[PDB]
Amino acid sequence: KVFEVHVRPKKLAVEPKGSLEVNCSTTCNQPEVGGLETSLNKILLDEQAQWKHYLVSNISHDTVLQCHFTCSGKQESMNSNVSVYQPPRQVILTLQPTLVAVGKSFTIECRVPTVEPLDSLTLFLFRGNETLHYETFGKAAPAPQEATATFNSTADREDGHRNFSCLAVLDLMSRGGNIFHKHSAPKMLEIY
């Protein structure tokens, strides 16, 4: 007979050394077998015939939790995707050269050390209040765990009075986590 097995939470992001509670349940009344399989340490906190609640702990990297139940010789299962993350904590802006001749080129560069996963980190390069460029990571250019975005522009007369800045956004929403923002201190360019 067709039965279901569910895991709450289906996905969740947690920081290094973090932990989480998982409720592994099924529609089967008397499961012959039932459990949450994981490579991490786990404590069955509580169970009933139709569910088991565990506390899984000390998560260091992405990992999958396998929740399963056997009903009349038939096994069903469902996984929970746990992701690790460290939010942008420092965002540095650099203008190269700091002194530029009007109408000539310069390089804006943004760097965010220690942030993961990087394939969910996007950096924005602003000028005053206009977005000049932005890029998501995760293809290799400083990828799983350390990123940088550099853009070239030409110095304009108005850059004598508008700030350049960068914004890091770690969107963990599709990984069961939230959205983290960190702005850099603004930097003005010296033009002549």
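Note that residue numbering begins at 1 and tracks the sequence as displayed.
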Entry-level comparison of average CA B-factors, 46 to 54 and 139 to 147, reporting the higher stretch: 139 to 147
Third of the chain's Cα B-factor distribution that residue 161 belongs to, per the entry: highest
Third of the chain's Cα B-factor distribution that residue 28 belongs to, per the entry: highest
Residue 41 - which third its CA temperature factor falls in, relative to the rest of the chain: lowest
Ranked C-alpha temperature factor of residue 80 among modelled chain residues, by third: lowest
Assigned third (lowest, middle, highest) for the C-alpha B factor of residue 152: highest
